[PDB]
$ cat final-v1.cif   # mmCIF, C-alpha atoms and all ligand atoms
data_final
loop_
_atom_site.label_atom_id
_atom_site.label_comp_id
_atom_site.auth_asym_id
_atom_site.auth_seq_id
_atom_site.Cartn_x
_atom_site.Cartn_y
_atom_site.Cartn_z
CA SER A 60 14.20 9.85 -0.64
CA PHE A 61 10.48 9.03 -0.65
CA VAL A 62 10.15 10.09 2.98
CA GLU A 63 10.07 13.73 1.89
CA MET A 64 7.05 13.02 -0.31
CA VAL A 65 4.99 11.43 2.47
CA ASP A 66 1.92 13.51 3.32
CA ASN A 67 2.64 15.86 0.40
CA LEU A 68 -1.07 15.71 -0.49
CA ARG A 69 -3.87 17.75 1.07
CA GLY A 70 -7.48 18.48 0.23
CA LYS A 71 -11.03 18.88 1.44
CA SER A 72 -13.34 15.85 1.42
CA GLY A 73 -14.93 15.45 -2.00
CA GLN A 74 -12.90 18.33 -3.43
CA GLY A 75 -9.92 16.24 -4.50
CA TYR A 76 -6.29 15.93 -3.44
CA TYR A 77 -3.71 18.58 -4.28
CA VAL A 78 0.06 18.72 -4.13
CA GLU A 79 2.00 21.96 -3.82
CA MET A 80 3.89 22.96 -6.96
CA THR A 81 5.85 25.97 -8.14
CA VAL A 82 5.69 27.40 -11.63
CA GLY A 83 7.93 29.93 -13.36
CA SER A 84 10.79 32.12 -12.16
CA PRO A 85 10.72 33.22 -9.43
CA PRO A 86 8.79 30.16 -8.15
CA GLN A 87 5.07 30.89 -8.01
CA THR A 88 3.50 28.67 -5.36
CA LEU A 89 0.27 26.91 -6.32
CA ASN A 90 -1.76 23.96 -5.05
CA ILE A 91 -2.41 21.55 -7.92
CA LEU A 92 -5.01 18.76 -7.94
CA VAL A 93 -3.59 15.32 -8.71
CA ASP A 94 -5.68 13.92 -11.56
CA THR A 95 -5.03 10.47 -13.05
CA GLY A 96 -8.17 11.00 -15.13
CA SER A 97 -6.81 13.69 -17.44
CA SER A 98 -3.54 14.54 -19.18
CA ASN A 99 -3.15 18.33 -19.12
CA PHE A 100 -1.15 20.45 -16.71
CA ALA A 101 -3.68 23.27 -16.44
CA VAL A 102 -3.50 26.16 -13.99
CA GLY A 103 -5.58 29.22 -13.20
CA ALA A 104 -3.75 32.09 -14.87
CA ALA A 105 -6.32 34.85 -14.45
CA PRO A 106 -8.46 36.15 -11.57
CA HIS A 107 -11.46 34.05 -10.54
CA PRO A 108 -13.94 34.36 -7.63
CA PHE A 109 -12.87 30.94 -6.30
CA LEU A 110 -9.15 31.62 -6.85
CA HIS A 111 -7.05 33.36 -4.21
CA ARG A 112 -3.87 32.85 -6.23
CA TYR A 113 -3.13 32.20 -9.89
CA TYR A 114 -0.25 31.66 -12.31
CA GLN A 115 1.04 34.99 -13.57
CA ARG A 116 3.03 34.38 -16.74
CA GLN A 117 4.26 37.97 -16.95
CA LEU A 118 5.93 37.61 -13.55
CA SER A 119 7.92 34.65 -14.90
CA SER A 120 11.28 35.22 -16.60
CA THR A 121 11.28 31.63 -17.86
CA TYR A 122 7.83 31.63 -19.43
CA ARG A 123 7.67 30.83 -23.15
CA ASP A 124 4.52 31.39 -25.19
CA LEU A 125 3.53 28.56 -27.54
CA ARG A 126 1.20 30.94 -29.37
CA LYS A 127 -1.57 28.38 -29.30
CA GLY A 128 -4.95 28.37 -27.60
CA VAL A 129 -6.63 25.34 -26.09
CA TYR A 130 -10.35 24.81 -25.51
CA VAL A 131 -11.46 22.02 -23.19
CA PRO A 132 -15.23 21.52 -22.95
CA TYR A 133 -16.53 18.62 -20.88
CA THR A 134 -19.78 17.28 -19.45
CA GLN A 135 -19.94 19.27 -16.20
CA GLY A 136 -18.28 22.43 -17.51
CA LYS A 137 -15.17 23.67 -19.31
CA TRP A 138 -12.00 25.71 -19.33
CA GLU A 139 -10.14 27.72 -21.97
CA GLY A 140 -6.46 28.58 -21.86
CA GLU A 141 -3.27 29.56 -23.61
CA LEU A 142 -0.45 27.09 -24.20
CA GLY A 143 3.11 27.76 -23.13
CA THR A 144 6.01 26.19 -21.29
CA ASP A 145 7.74 27.12 -18.05
CA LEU A 146 9.85 25.66 -15.27
CA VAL A 147 7.91 23.43 -12.88
CA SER A 148 8.85 21.93 -9.53
CA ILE A 149 7.13 19.96 -6.80
CA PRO A 150 8.69 21.23 -3.54
CA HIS A 151 7.73 18.03 -1.71
CA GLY A 152 8.45 15.72 -4.62
CA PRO A 153 11.52 14.84 -6.68
CA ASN A 154 14.32 17.38 -6.26
CA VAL A 155 14.14 18.28 -9.94
CA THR A 156 12.84 21.07 -12.14
CA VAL A 157 11.42 20.42 -15.59
CA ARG A 158 10.22 22.53 -18.48
CA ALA A 159 6.64 21.38 -18.93
CA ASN A 160 3.67 22.36 -21.02
CA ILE A 161 1.30 24.57 -19.08
CA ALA A 162 -2.26 25.40 -20.04
CA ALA A 163 -2.84 28.85 -18.57
CA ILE A 164 -6.55 28.92 -17.77
CA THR A 165 -7.85 32.40 -18.62
CA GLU A 166 -11.56 31.53 -18.58
CA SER A 167 -13.57 28.63 -17.16
CA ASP A 168 -17.04 27.46 -16.17
CA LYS A 169 -17.80 25.26 -13.14
CA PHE A 170 -14.17 24.10 -13.18
CA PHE A 171 -12.61 25.63 -10.07
CA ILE A 172 -14.18 24.70 -6.75
CA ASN A 173 -15.10 27.18 -4.03
CA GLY A 174 -12.88 26.69 -0.98
CA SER A 175 -11.02 23.72 -2.47
CA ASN A 176 -7.66 25.44 -1.94
CA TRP A 177 -6.21 24.28 -5.27
CA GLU A 178 -5.49 26.57 -8.22
CA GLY A 179 -4.81 24.11 -11.04
CA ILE A 180 -4.77 20.45 -12.05
CA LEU A 181 -2.05 17.95 -12.90
CA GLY A 182 -3.25 15.58 -15.59
CA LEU A 183 -1.31 12.38 -14.96
CA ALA A 184 -2.82 10.23 -17.73
CA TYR A 185 -1.42 9.65 -21.23
CA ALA A 186 -0.90 11.87 -24.29
CA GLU A 187 -3.70 10.17 -26.21
CA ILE A 188 -6.36 12.13 -24.30
CA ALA A 189 -4.39 15.37 -23.95
CA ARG A 190 -5.81 18.63 -25.31
CA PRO A 191 -5.79 19.95 -27.92
CA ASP A 192 -4.27 16.67 -29.13
CA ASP A 193 -1.69 13.98 -28.36
CA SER A 194 1.25 16.12 -29.49
CA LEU A 195 1.09 18.16 -26.28
CA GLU A 196 3.41 16.16 -24.04
CA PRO A 197 1.84 15.56 -20.58
CA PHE A 198 3.68 16.66 -17.44
CA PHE A 199 4.78 13.19 -16.34
CA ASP A 200 6.10 12.37 -19.81
CA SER A 201 8.17 15.57 -19.69
CA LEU A 202 9.34 14.75 -16.18
CA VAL A 203 10.51 11.26 -17.15
CA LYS A 204 12.16 12.45 -20.37
CA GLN A 205 13.94 15.44 -18.82
CA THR A 206 15.04 13.75 -15.59
CA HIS A 207 16.18 10.36 -14.31
CA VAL A 208 12.85 9.90 -12.53
CA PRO A 209 11.55 6.34 -13.04
CA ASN A 210 8.41 6.07 -15.19
CA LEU A 211 6.12 5.34 -12.26
CA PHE A 212 4.16 7.08 -9.52
CA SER A 213 2.04 5.92 -6.60
CA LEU A 214 -0.85 7.44 -4.68
CA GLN A 215 -1.83 6.86 -1.08
CA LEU A 216 -5.08 8.71 -0.55
CA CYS A 217 -6.06 8.53 3.13
CA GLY A 218 -9.20 10.63 3.34
CA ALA A 219 -10.31 11.88 6.75
CA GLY A 220 -11.12 9.30 9.43
CA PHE A 221 -12.07 9.80 13.08
CA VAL A 228 -16.20 22.97 7.79
CA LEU A 229 -15.63 20.24 5.20
CA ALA A 230 -13.29 17.55 6.56
CA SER A 231 -9.58 17.73 5.74
CA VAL A 232 -7.94 14.84 3.93
CA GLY A 233 -4.29 13.87 3.60
CA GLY A 234 -2.27 11.57 1.39
CA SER A 235 0.99 10.99 -0.46
CA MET A 236 2.05 11.06 -4.07
CA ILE A 237 5.28 9.12 -4.38
CA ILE A 238 6.84 10.05 -7.71
CA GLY A 239 9.32 7.69 -9.31
CA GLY A 240 8.81 4.68 -7.07
CA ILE A 241 7.07 2.68 -4.37
CA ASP A 242 7.22 3.53 -0.67
CA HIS A 243 6.95 0.24 1.20
CA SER A 244 5.98 1.93 4.46
CA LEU A 245 2.81 3.10 2.70
CA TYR A 246 1.25 -0.36 2.39
CA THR A 247 0.98 -3.75 4.09
CA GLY A 248 0.75 -7.17 2.46
CA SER A 249 1.36 -7.83 -1.22
CA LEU A 250 0.99 -5.57 -4.24
CA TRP A 251 -1.29 -7.00 -6.92
CA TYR A 252 -1.07 -5.79 -10.51
CA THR A 253 -3.79 -5.39 -13.09
CA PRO A 254 -2.73 -4.59 -16.66
CA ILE A 255 -3.36 -1.15 -18.06
CA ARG A 256 -5.47 -2.18 -21.04
CA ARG A 257 -4.51 0.86 -23.09
CA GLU A 258 -2.46 4.00 -22.55
CA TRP A 259 -4.93 6.87 -22.59
CA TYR A 260 -6.88 6.89 -19.37
CA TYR A 261 -5.56 4.41 -16.85
CA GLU A 262 -7.85 1.72 -18.23
CA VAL A 263 -8.28 -1.60 -16.46
CA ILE A 264 -10.52 -4.66 -16.64
CA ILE A 265 -12.90 -5.73 -13.88
CA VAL A 266 -13.72 -9.42 -14.21
CA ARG A 267 -16.04 -9.95 -11.24
CA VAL A 268 -17.92 -7.97 -8.58
CA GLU A 269 -19.24 -9.09 -5.20
CA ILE A 270 -21.37 -7.43 -2.54
CA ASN A 271 -20.96 -9.18 0.81
CA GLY A 272 -19.49 -12.22 -0.93
CA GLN A 273 -22.49 -12.44 -3.26
CA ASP A 274 -21.44 -12.47 -6.92
CA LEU A 275 -23.41 -10.00 -9.05
CA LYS A 276 -23.27 -12.74 -11.71
CA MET A 277 -23.06 -10.29 -14.62
CA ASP A 278 -21.37 -10.77 -17.98
CA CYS A 279 -18.00 -9.21 -17.14
CA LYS A 280 -18.25 -6.98 -20.23
CA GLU A 281 -20.82 -5.02 -18.22
CA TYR A 282 -18.19 -4.13 -15.62
CA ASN A 283 -16.07 -2.49 -18.30
CA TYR A 284 -18.75 -0.89 -20.47
CA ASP A 285 -17.50 0.99 -22.15
CA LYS A 286 -14.35 1.17 -20.04
CA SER A 287 -13.04 1.04 -16.50
CA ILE A 288 -10.50 3.56 -15.26
CA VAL A 289 -8.64 4.57 -12.12
CA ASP A 290 -9.21 8.27 -11.52
CA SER A 291 -7.97 10.23 -8.51
CA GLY A 292 -9.86 13.24 -9.88
CA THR A 293 -13.16 11.48 -9.25
CA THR A 294 -14.47 11.24 -5.68
CA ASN A 295 -16.92 8.38 -6.08
CA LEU A 296 -16.91 4.82 -7.23
CA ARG A 297 -18.85 5.23 -10.48
CA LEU A 298 -20.52 2.23 -12.11
CA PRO A 299 -22.26 1.63 -15.46
CA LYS A 300 -26.04 1.93 -15.16
CA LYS A 301 -26.73 -1.82 -15.13
CA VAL A 302 -23.99 -2.51 -12.59
CA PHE A 303 -24.91 0.46 -10.40
CA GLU A 304 -28.52 -0.68 -10.05
CA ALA A 305 -27.46 -4.24 -9.23
CA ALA A 306 -24.97 -2.88 -6.70
CA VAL A 307 -27.45 -0.56 -4.97
CA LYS A 308 -30.09 -3.30 -4.86
CA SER A 309 -27.62 -5.57 -3.09
CA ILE A 310 -26.55 -2.84 -0.68
CA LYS A 311 -30.14 -1.83 0.07
CA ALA A 312 -30.88 -5.45 0.96
CA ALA A 313 -27.82 -5.99 3.16
CA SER A 314 -28.70 -2.88 5.18
CA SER A 315 -32.44 -3.58 5.13
CA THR A 316 -32.61 -3.28 8.93
CA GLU A 317 -33.91 0.30 9.07
CA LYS A 318 -33.85 1.88 5.61
CA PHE A 319 -33.01 5.26 4.06
CA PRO A 320 -34.52 7.82 1.63
CA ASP A 321 -33.81 7.08 -2.04
CA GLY A 322 -32.36 10.59 -2.10
CA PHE A 323 -29.50 9.11 -0.10
CA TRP A 324 -28.92 6.21 -2.49
CA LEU A 325 -28.82 8.76 -5.30
CA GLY A 326 -25.88 10.48 -3.64
CA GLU A 327 -28.06 13.54 -3.05
CA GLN A 328 -29.33 13.49 0.53
CA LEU A 329 -27.09 12.71 3.52
CA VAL A 330 -27.64 10.30 6.42
CA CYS A 331 -26.84 11.10 10.04
CA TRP A 332 -26.24 9.31 13.31
CA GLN A 333 -24.26 10.89 16.15
CA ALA A 334 -20.81 10.40 17.68
CA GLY A 335 -19.70 6.91 16.66
CA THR A 336 -23.17 5.37 16.58
CA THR A 337 -22.89 4.67 12.85
CA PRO A 338 -23.98 1.04 12.31
CA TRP A 339 -21.16 0.27 9.86
CA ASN A 340 -21.79 -3.47 10.28
CA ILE A 341 -25.17 -3.06 8.58
CA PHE A 342 -23.56 -2.04 5.28
CA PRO A 343 -21.90 -4.79 3.17
CA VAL A 344 -18.36 -4.88 1.79
CA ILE A 345 -17.71 -4.55 -1.94
CA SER A 346 -15.10 -6.60 -3.79
CA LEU A 347 -13.91 -5.64 -7.26
CA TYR A 348 -12.02 -8.45 -8.99
CA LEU A 349 -9.47 -7.05 -11.43
CA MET A 350 -7.85 -8.94 -14.30
CA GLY A 351 -4.48 -10.30 -13.23
CA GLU A 352 -1.26 -10.15 -15.21
CA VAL A 353 -1.88 -13.81 -16.10
CA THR A 354 -4.81 -14.42 -18.47
CA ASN A 355 -7.27 -16.46 -16.40
CA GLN A 356 -6.12 -15.04 -13.07
CA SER A 357 -7.54 -12.14 -11.13
CA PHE A 358 -7.37 -10.55 -7.71
CA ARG A 359 -9.88 -8.64 -5.61
CA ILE A 360 -9.86 -5.38 -3.73
CA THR A 361 -12.41 -5.21 -0.93
CA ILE A 362 -13.73 -1.87 0.30
CA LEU A 363 -15.66 -1.12 3.50
CA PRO A 364 -18.67 1.15 4.09
CA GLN A 365 -16.13 3.50 5.69
CA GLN A 366 -14.92 4.14 2.15
CA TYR A 367 -18.14 4.40 0.15
CA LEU A 368 -19.92 6.42 2.84
CA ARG A 369 -18.09 9.76 2.96
CA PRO A 370 -18.57 12.38 5.73
CA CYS A 381 -23.36 12.65 8.59
CA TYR A 382 -22.43 10.76 5.41
CA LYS A 383 -23.14 10.74 1.68
CA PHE A 384 -23.35 7.61 -0.48
CA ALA A 385 -20.15 7.83 -2.54
CA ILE A 386 -21.27 5.33 -5.19
CA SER A 387 -22.94 6.84 -8.24
CA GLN A 388 -24.10 5.93 -11.75
CA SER A 389 -22.01 6.31 -14.90
CA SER A 390 -22.69 6.45 -18.64
CA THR A 391 -18.98 6.49 -19.44
CA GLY A 392 -17.93 3.25 -17.76
CA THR A 393 -16.60 2.29 -14.35
CA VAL A 394 -14.67 4.99 -12.50
CA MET A 395 -12.60 3.82 -9.55
CA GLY A 396 -12.18 7.18 -7.84
CA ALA A 397 -10.92 8.44 -4.49
CA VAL A 398 -13.31 6.46 -2.28
CA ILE A 399 -12.04 3.20 -3.74
CA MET A 400 -8.41 4.36 -3.82
CA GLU A 401 -8.58 5.54 -0.20
CA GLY A 402 -8.49 1.98 1.09
CA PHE A 403 -5.33 1.14 -0.83
CA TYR A 404 -1.86 2.02 -2.02
CA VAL A 405 -2.14 2.41 -5.78
CA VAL A 406 0.92 2.03 -8.00
CA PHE A 407 0.70 3.55 -11.47
CA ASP A 408 3.44 1.46 -13.05
CA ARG A 409 3.60 3.13 -16.47
CA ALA A 410 6.95 1.51 -17.29
CA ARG A 411 5.30 -1.92 -17.11
CA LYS A 412 1.80 -0.89 -18.25
CA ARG A 413 0.14 -2.06 -15.04
CA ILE A 414 -1.45 -0.81 -11.84
CA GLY A 415 -0.71 -2.24 -8.41
CA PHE A 416 -3.08 -2.35 -5.47
CA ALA A 417 -2.15 -3.03 -1.85
CA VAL A 418 -3.77 -2.45 1.53
CA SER A 419 -2.96 1.10 2.58
CA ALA A 420 -1.17 1.89 5.83
CA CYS A 421 -3.75 4.63 6.44
CA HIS A 422 -7.02 2.99 5.37
CA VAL A 423 -9.98 3.34 7.74
CA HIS A 424 -11.46 0.21 9.32
CA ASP A 425 -13.24 -1.08 12.43
CA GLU A 426 -12.57 -4.13 14.60
CA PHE A 427 -14.45 -6.65 12.46
CA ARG A 428 -13.50 -5.85 8.86
CA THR A 429 -10.71 -4.25 6.84
CA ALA A 430 -10.13 -3.21 3.25
CA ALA A 431 -8.32 -6.04 1.51
CA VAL A 432 -6.29 -6.95 -1.56
CA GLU A 433 -6.36 -10.69 -2.16
CA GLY A 434 -5.30 -13.02 -4.97
CA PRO A 435 -5.20 -15.03 -6.98
CA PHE A 436 -8.70 -16.03 -8.07
CA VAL A 437 -9.04 -18.14 -11.20
CA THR A 438 -11.60 -18.16 -14.00
CA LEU A 439 -12.51 -20.75 -16.64
CA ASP A 443 -13.16 -11.30 -23.18
CA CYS A 444 -14.20 -8.81 -20.49
CA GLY A 445 -12.89 -5.81 -22.40
CA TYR A 446 -15.19 -3.51 -24.37
CA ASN A 447 -13.28 -3.14 -27.66
CA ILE A 448 -12.34 0.12 -29.38
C1 LIG A 501 -13.55 13.08 -14.22
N1 LIG A 501 -12.69 14.25 -14.17
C2 LIG A 501 -13.08 15.50 -14.56
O1 LIG A 501 -14.18 15.82 -14.99
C3 LIG A 501 -11.87 16.44 -14.34
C4 LIG A 501 -11.40 17.13 -15.63
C5 LIG A 501 -12.33 17.61 -16.59
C6 LIG A 501 -11.91 18.24 -17.76
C7 LIG A 501 -10.55 18.42 -18.01
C8 LIG A 501 -9.62 17.96 -17.08
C9 LIG A 501 -10.04 17.33 -15.91
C10 LIG A 501 -12.13 17.44 -13.13
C11 LIG A 501 -10.81 18.08 -12.60
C12 LIG A 501 -11.09 19.03 -11.41
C13 LIG A 501 -11.74 18.24 -10.27
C14 LIG A 501 -13.07 17.64 -10.75
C15 LIG A 501 -14.01 18.77 -11.21
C16 LIG A 501 -13.36 19.55 -12.36
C17 LIG A 501 -12.03 20.15 -11.87
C18 LIG A 501 -13.09 18.60 -13.54
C19 LIG A 501 -12.80 16.70 -11.93
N2 LIG A 501 -10.83 15.45 -13.90
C20 LIG A 501 -11.40 14.29 -13.75
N3 LIG A 501 -10.71 13.14 -13.51
#

$ encode --input "final-v1.cif" --output "structure tokens" --more "lines below"
Ligand SMILES: CN1C(=O)[C@@](c2ccccc2)([C@]23C[C@H]4C[C@H](C[C@H](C4)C2)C3)N=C1N
Amino acid sequence: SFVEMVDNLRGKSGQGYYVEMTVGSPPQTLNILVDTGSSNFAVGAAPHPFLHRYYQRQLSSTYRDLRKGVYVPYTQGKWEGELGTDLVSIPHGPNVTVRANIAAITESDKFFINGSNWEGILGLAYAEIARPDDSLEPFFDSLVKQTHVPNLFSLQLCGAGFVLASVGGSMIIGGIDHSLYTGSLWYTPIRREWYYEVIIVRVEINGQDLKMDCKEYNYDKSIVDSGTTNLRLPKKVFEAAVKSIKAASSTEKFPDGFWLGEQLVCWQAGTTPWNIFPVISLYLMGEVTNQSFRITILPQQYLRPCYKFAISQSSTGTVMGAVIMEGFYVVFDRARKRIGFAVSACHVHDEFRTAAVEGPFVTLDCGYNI
């Protein structure tokens, strides 16, 4: 039953969402970040100043060494680990246990987050981007293969809403929980199975079309990534977006340090002039060629709590992260190579606007080949 997976996600604002998992025998309890933007099940497996718990392979009777190291450098930092398998469960997920690949993180740099309360990450993307290579079967692949769990999962990230603020959410594994969304689910095709890649065909700020060649929206790719807090946009699209948002909220302006996601902006006790900030609609390619649908997000989503501007620039394509997912119920339909969006039952909104998922919208080549 999906009811037992509701609210199985926790986290601190901007520090990601984690689900509780157990690894090894006896079950070692660990909080594991849900990451649709990577493909490795990787867990702290050695002491670390930010870690209060970690995976201890020696304490596990069911641990099996793969005798193989793995080195994962990335832009912001890195982590190194040792490959092995062990029994893995999600106490508030499917009532199953699977033998999955586990990257035991023995050393890392700027990977773990102070006070985040998670001790590892669950890469939910595809084998193509797994480390060291695509032969290391990702967790969800192992789960589907070893169990009767449907090849599909869905994320309802709720955020906070009215010490870093606490967020809640749900990861429904193996199906769709209809109590988690209202209205209709709209599907955009997963362009290719590595990241969860999609195509954005149009963008609007307060109804105003950005009027850009749609290739710019997906340059060099667009992905859905729960492991990213912000909505991240390619340079050219980011600037056009910020310009439009600066204009719409012209009435009393802010420091450019705020627009850069650096500085924060403060009112007090529900005096925030939400109405001054525009809505943002991303049109995603529909399942039918010349069709599309839009998801519309409020300032309550892209201003995260005093608030920070949760829209930032990208040199690696569009990243639809938490702040865009938080308005909606997102279905990662791997079995049908598509991603569904629907208005979330928990999305934050005032009494004049609401996050929306609306389609269809017709057009009369938006992908960035590879
Ligand atoms: C964009 N992104 C990352 O940089 C991160 C990552 C980097 C390298 C390997 C695997 C995953 C990361 C995961 C977690 C949360 C956040 C900071 C840090 C730790 C890297 C994103 N996961 C996402 N989606």

$ residues_near_ligand --input "final-v1.cif" --ligand "ligand LIG 501 (chain A)" --cutoff "6 Å" --atoms "all atoms listed in the file" --output "list in words"
residues 94, 96, 97, 133, 170, 171, 290, 292 and 293 of chain A

$ residues_around --input "final-v1.cif" --residues "range 398-412 of chain A" --least-positions-apart "3" --cutoff "9 Å" --atoms "only C-alpha atoms" --output "PyMOL selection string"
chain A and resi 209-218+234+240-241+245-247+250+252-258+261+289-291+293-296+360-363+365-369+385-386+395+415-424+429-432

$ closest_residue --input "final-v1.cif" --among "A:435, A:143, A:73, A:326" --to "residue 123 in chain A" --atoms "only C-alpha atoms"
A:143

$ residues_around --input "final-v1.cif" --residues "range 84-91 of chain A" --least-positions-apart "4" --cutoff "9 Å" --atoms "all atoms listed in the file" --output "PDB file with C-alpha atoms, in the frame of the given file"
ATOM      1  CA  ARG A  69      -3.870  17.750   1.070  1.00  0.00           C
ATOM      2  CA  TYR A  76      -6.290  15.930  -3.440  1.00  0.00           C
ATOM      3  CA  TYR A  77      -3.710  18.580  -4.280  1.00  0.00           C
ATOM      4  CA  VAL A  78       0.060  18.720  -4.130  1.00  0.00           C
ATOM      5  CA  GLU A  79       2.000  21.960  -3.820  1.00  0.00           C
ATOM      6  CA  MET A  80       3.890  22.960  -6.960  1.00  0.00           C
ATOM      7  CA  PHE A 100      -1.150  20.450 -16.710  1.00  0.00           C
ATOM      8  CA  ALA A 101      -3.680  23.270 -16.440  1.00  0.00           C
ATOM      9  CA  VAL A 102      -3.500  26.160 -13.990  1.00  0.00           C
ATOM     10  CA  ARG A 112      -3.870  32.850  -6.230  1.00  0.00           C
ATOM     11  CA  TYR A 113      -3.130  32.200  -9.890  1.00  0.00           C
ATOM     12  CA  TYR A 114      -0.250  31.660 -12.310  1.00  0.00           C
ATOM     13  CA  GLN A 115       1.040  34.990 -13.570  1.00  0.00           C
ATOM     14  CA  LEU A 118       5.930  37.610 -13.550  1.00  0.00           C
ATOM     15  CA  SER A 119       7.920  34.650 -14.900  1.00  0.00           C
ATOM     16  CA  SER A 120      11.280  35.220 -16.600  1.00  0.00           C
ATOM     17  CA  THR A 121      11.280  31.630 -17.860  1.00  0.00           C
ATOM     18  CA  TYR A 122       7.830  31.630 -19.430  1.00  0.00           C
ATOM     19  CA  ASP A 145       7.740  27.120 -18.050  1.00  0.00           C
ATOM     20  CA  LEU A 146       9.850  25.660 -15.270  1.00  0.00           C
ATOM     21  CA  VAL A 147       7.910  23.430 -12.880  1.00  0.00           C
ATOM     22  CA  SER A 148       8.850  21.930  -9.530  1.00  0.00           C
ATOM     23  CA  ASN A 176      -7.660  25.440  -1.940  1.00  0.00           C
ATOM     24  CA  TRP A 177      -6.210  24.280  -5.270  1.00  0.00           C
ATOM     25  CA  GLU A 178      -5.490  26.570  -8.220  1.00  0.00           C
ATOM     26  CA  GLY A 179      -4.810  24.110 -11.040  1.00  0.00           C
ATOM     27  CA  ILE A 180      -4.770  20.450 -12.050  1.00  0.00           C
ATOM     28  CA  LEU A 181      -2.050  17.950 -12.900  1.00  0.00           C
TER      29      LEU A 181
END

$ closest_residue --input "final-v1.cif" --among "A:172, A:448, A:62, A:397" --to "residue 233 in chain A" --atoms "only C-alpha atoms"
A:397

$ residues_around --input "final-v1.cif" --residues "residue 318 in chain A" --least-positions-apart "6" --cutoff "12 Å" --atoms "all atoms listed in the file" --output "list in words"
residues 310, 311, 312, 324, 330, 338, 341 and 342 of chain A

$ residues_near_point --input "final-v1.cif" --point "(-29.2, -3.3, -12.6)" --cutoff "12 Å" --atoms "all atoms listed in the file" --output "list in words"
residues 275, 276, 277, 281, 282, 298, 299, 300, 301, 302, 303, 304, 305, 306, 307, 308, 309 and 388 of chain A

$ closest_residue --input "final-v1.cif" --among "A:203, A:325, A:350, A:229" --to "residue 268 in chain A" --atoms "only C-alpha atoms"
A:350

$ atom_distance --input "final-v1.cif" --atom1 "CA of residue 314 in chain A" --atom2 "CA of residue 286 in chain A"
29.3 Å

$ residues_around --input "final-v1.cif" --residues "residue 63 in chain A" --least-positions-apart "5" --cutoff "10 Å" --atoms "all atoms listed in the file" --output "number ranges by chain"
A: 150-154, 235, 237

$ closest_residue --input "final-v1.cif" --among "A:243, A:127, A:383, A:158" --to "residue 206 in chain A" --atoms "all atoms listed in the file"
A:158

$ closest_residue --input "final-v1.cif" --among "A:169, A:359, A:116, A:204" --to "residue 156 in chain A" --atoms "all atoms listed in the file"
A:204

$ decode --input "final-v1.cif" --residues "range 77-89 of chain A" --atoms "N, CA and C atoms" --output "PDB file, in the first residue's frame"
ATOM      1  N   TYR A  77      15.668  13.333   2.044  1.00  0.00           N
ATOM      2  CA  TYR A  77      16.161  11.986   2.292  1.00  0.00           C
ATOM      3  C   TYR A  77      15.060  11.031   2.731  1.00  0.00           C
ATOM      4  N   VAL A  78      15.255   9.763   2.393  1.00  0.00           N
ATOM      5  CA  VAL A  78      14.385   8.698   2.848  1.00  0.00           C
ATOM      6  C   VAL A  78      15.227   7.798   3.742  1.00  0.00           C
ATOM      7  N   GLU A  79      14.597   7.199   4.743  1.00  0.00           N
ATOM      8  CA  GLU A  79      15.305   6.287   5.618  1.00  0.00           C
ATOM      9  C   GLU A  79      15.497   4.952   4.911  1.00  0.00           C
ATOM     10  N   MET A  80      16.710   4.420   4.983  1.00  0.00           N
ATOM     11  CA  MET A  80      16.995   3.109   4.422  1.00  0.00           C
ATOM     12  C   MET A  80      17.805   2.298   5.420  1.00  0.00           C
ATOM     13  N   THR A  81      17.811   0.983   5.250  1.00  0.00           N
ATOM     14  CA  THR A  81      18.692   0.129   6.031  1.00  0.00           C
ATOM     15  C   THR A  81      19.615  -0.606   5.085  1.00  0.00           C
ATOM     16  N   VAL A  82      20.853  -0.804   5.520  1.00  0.00           N
ATOM     17  CA  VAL A  82      21.832  -1.513   4.714  1.00  0.00           C
ATOM     18  C   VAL A  82      22.530  -2.579   5.551  1.00  0.00           C
ATOM     19  N   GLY A  83      22.700  -3.764   4.976  1.00  0.00           N
ATOM     20  CA  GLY A  83      23.437  -4.832   5.629  1.00  0.00           C
ATOM     21  C   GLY A  83      22.661  -5.600   6.686  1.00  0.00           C
ATOM     22  N   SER A  84      23.334  -6.570   7.300  1.00  0.00           N
ATOM     23  CA  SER A  84      22.720  -7.415   8.311  1.00  0.00           C
ATOM     24  C   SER A  84      23.618  -7.483   9.541  1.00  0.00           C
ATOM     25  N   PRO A  85      23.097  -7.074  10.710  1.00  0.00           N
ATOM     26  CA  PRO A  85      21.747  -6.538  10.938  1.00  0.00           C
ATOM     27  C   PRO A  85      21.528  -5.213  10.209  1.00  0.00           C
ATOM     28  N   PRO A  86      20.272  -4.742  10.141  1.00  0.00           N
ATOM     29  CA  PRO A  86      19.938  -3.536   9.376  1.00  0.00           C
ATOM     30  C   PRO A  86      20.585  -2.294   9.966  1.00  0.00           C
ATOM     31  N   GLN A  87      21.474  -1.657   9.215  1.00  0.00           N
ATOM     32  CA  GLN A  87      22.062  -0.403   9.653  1.00  0.00           C
ATOM     33  C   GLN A  87      21.219   0.747   9.121  1.00  0.00           C
ATOM     34  N   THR A  88      20.672   1.544  10.032  1.00  0.00           N
ATOM     35  CA  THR A  88      19.769   2.623   9.659  1.00  0.00           C
ATOM     36  C   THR A  88      20.545   3.838   9.176  1.00  0.00           C
ATOM     37  N   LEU A  89      20.146   4.351   8.015  1.00  0.00           N
ATOM     38  CA  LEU A  89      20.778   5.519   7.413  1.00  0.00           C
ATOM     39  C   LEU A  89      19.758   6.346   6.641  1.00  0.00           C
TER      40      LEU A  89
END
